[PDB]
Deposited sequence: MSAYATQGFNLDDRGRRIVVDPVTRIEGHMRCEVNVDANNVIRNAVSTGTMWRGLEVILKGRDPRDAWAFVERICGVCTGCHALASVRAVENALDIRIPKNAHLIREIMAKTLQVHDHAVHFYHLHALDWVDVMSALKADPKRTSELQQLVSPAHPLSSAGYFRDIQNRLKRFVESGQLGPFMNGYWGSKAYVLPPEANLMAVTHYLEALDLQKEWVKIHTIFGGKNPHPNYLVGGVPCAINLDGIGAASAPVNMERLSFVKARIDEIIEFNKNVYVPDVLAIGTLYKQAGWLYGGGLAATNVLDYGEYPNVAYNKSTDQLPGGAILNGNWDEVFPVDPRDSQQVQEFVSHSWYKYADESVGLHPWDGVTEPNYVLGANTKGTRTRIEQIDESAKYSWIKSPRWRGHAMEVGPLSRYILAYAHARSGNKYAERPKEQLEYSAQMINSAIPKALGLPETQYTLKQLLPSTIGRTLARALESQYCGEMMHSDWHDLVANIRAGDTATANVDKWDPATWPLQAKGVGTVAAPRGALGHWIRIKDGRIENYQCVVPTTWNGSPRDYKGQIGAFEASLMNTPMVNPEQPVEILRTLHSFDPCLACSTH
């Protein structure tokens, strides 16, 4: 047992293993210890995969890198490509043209919406929603609930919910439950009434059908989704309005993109945000405010979406770092500063020359070292209980000036709120969303459902699993709104006579400095993403990625400080220690991307 960051870690209790953690991207093992009352008193995050993209990139052409690193992840598809081209452009002093900037922003915001909405419905919802309870639901009361939760949503009749319920019923009655097989249905951890469950399962099906439409924006600008194409110096989708039919981008294609954006805005406003507000209200009413972890103290993001390209003061999700829960002081974050972002491997399956220090990613090293501690139960190829006192993960341990930080939509929304209260006008919309949401969760939704009103502040409400889930939905909404504006700015610029999509002045390596270093950062769906590159004689000398789930899922550092996943699970009661419902609910609120975390 030891204390760190206000958490009293104790491994003397009952050990519980969850391997595989499902409804995430990639591979994770989680172990916890619970006390005599089933409360988690220790948590252990183990990334259970590695591919070695950083090693693979050595010696290759910087212009090709984006395609390799894009394949770090097909869920957050394209965010690595964006970080890569930004890193190479930074290294080589390449400024992209305005249309390329706007198209990249539209692609980024399309990813945000798609990733966020799919995560909530298809990965997260089954931690809050009991699908078997939905079978008990009354269709008319579900219709009435739908009308209260979101008046504007046109799919609300009793017959519609009855039809959906019927298909679910015969599916379950078949004896082949598929994705619902061996679920934790009927657990007391589930608190929603039947009608809320039916509403949510209905929206799961709606979202599954609609999500394929949204990505057609990527398909137009980047050829395909997953894994749309990017380009060092701009975008490949050349513009001609007019022989306009022959160009990748013409007015007809742009009108198609706008139609898709408009649909996204309707979905976020009428389906996603209302569902999260309603479910959050009901779990708040049940008192389930666990899972805050590091969000209550330390949050970080690089900052993203500047109104004016290459002008960081205009970031519409303004970033920085907050420490010790002091929201009155946002520290600036510099990805070039060797003393700020650093990665430790003390408790990771890698080796450094000196593991007492963390390396800034321009000096990063990726050499595998799969070895298990002496206190392991089982063998090298058959682990029963991992030894977290030694090396226990394929995930490195990123820290900021030595501090363990949470990253993600919640971090960005806390930062935005802090910035807005400092006078930052660029953060006004997220502040509005948060104050609206608190009022809905505390007063409006309880009043509509006949529940008592509460008086939680944002400071109390946001650092929680509910808060983390809320921030993701609000971020989706904001991203949809922002790309709506980006689209108008793109079309305006093209009509003004600027059709440029690529700067090729430094495309040829004969024009490059013989040595160079660059960094590219991205507010990826799961948090702060950075790629750091060193170029030598036209080739990749070093390429290091520090990815959002690397931050959140990290194992302990040299000082023994815990990362966001481990902190978030602490101090959470489990209804049944051998049903990981609470563990899944909170882990999933980070939207873990394990292939990203390890790359």
In sequence order, name the stretches of the deposited sequence that have no C-alpha in these coordinates.
1-2, 245-246
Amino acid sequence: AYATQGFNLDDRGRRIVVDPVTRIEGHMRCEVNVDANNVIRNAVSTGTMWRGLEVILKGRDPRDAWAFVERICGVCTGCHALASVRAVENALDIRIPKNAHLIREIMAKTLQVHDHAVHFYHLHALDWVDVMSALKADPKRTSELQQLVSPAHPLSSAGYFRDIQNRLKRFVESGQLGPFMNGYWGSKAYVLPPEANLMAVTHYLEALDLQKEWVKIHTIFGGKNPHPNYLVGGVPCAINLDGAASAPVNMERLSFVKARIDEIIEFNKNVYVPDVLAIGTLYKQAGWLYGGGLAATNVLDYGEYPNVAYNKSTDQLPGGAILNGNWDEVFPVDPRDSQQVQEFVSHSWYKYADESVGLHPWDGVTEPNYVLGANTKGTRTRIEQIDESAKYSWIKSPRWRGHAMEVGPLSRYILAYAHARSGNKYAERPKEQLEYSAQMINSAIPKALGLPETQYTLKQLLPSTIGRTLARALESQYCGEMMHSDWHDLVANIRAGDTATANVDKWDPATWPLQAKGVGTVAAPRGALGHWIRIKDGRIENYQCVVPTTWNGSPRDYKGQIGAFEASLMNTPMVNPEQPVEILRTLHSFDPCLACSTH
From here on, numbers count along this sequence of modelled residues.
Is it true that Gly243 goes unbuilt in a third or more of the other compared entries of this protein?
yes
Mean CA temperature factor from the deposited coordinates, higher in 28-36 or in 548-556?
28-36
If you average the CA temperature factors over each stretch, which comes out higher, 133-141 or 492-500?
133-141
Max C-alpha B-factor within the set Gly480, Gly175, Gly408, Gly518 falls on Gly175
Looking only at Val276, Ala117, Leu449, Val75, the Cα with the top B-factor belongs to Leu449
For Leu587, does the deposited CA B-factor place it in the lowest, middle or highest third of the chain?
lowest
What third of the chain does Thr4 rank in for C-alpha temperature factor, lowest, middle or highest?
middle
By the entry's values, the third containing the CA B factor of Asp262 is the middle
Looking at the entry's B-factor column for C-alpha atoms only, identify whether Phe221 ranks in the lowest, middle or highest third of its chain.
lowest
Relative C-alpha B-factor of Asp387, binned into the chain's lowest, middle or highest third
highest
